[PDB]
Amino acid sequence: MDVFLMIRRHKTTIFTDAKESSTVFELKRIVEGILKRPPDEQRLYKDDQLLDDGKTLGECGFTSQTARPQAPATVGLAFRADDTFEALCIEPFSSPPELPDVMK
């Protein structure tokens, strides 16, 4: 089963899909091809929770119910500067304007 994801760090968002049976490490390889940082310099998160490399995406809570094309699940991403990992930190998207009176 395909799961549909947004991998997010700071102001970067990667839209991609993966198999529910694929691993967290395998997702880091995907990220490596795109952002050119190796898996050992990456941490992936679900919400505040650090994910283990060997776990499947399904075991980390990414399923067809929660990770749909039109509403993908978010995976947090943090890089290691050199010695230490940065704190997980996702800039929110912009706020929509107030509903015009005619729509309210």
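One-based numbering along the sequence shown. Heads up, when I say rigid core I mean the largest set of C-alphas that superpose within 1.5 Å between the two forms.
RMS Cα deviation from the shown model in 6 other deposited structures of this protein, rigid core fit, is larger for 77 to 85 than for the other stretch of the pair 77 to 85 / 21 to 29. Relative to one another, 33 to 41 and 64 to 72 have unequal mean CA B-factors, and 33 to 41 is the one with the higher figure. For the segment pair 74 to 82 and 53 to 61, the entry gives 74 to 82 the higher mean B-factor, averaged over Cα atoms. Of the candidates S21, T16, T12, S95, the one whose C-alpha carries the top B factor in the deposited record is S95.
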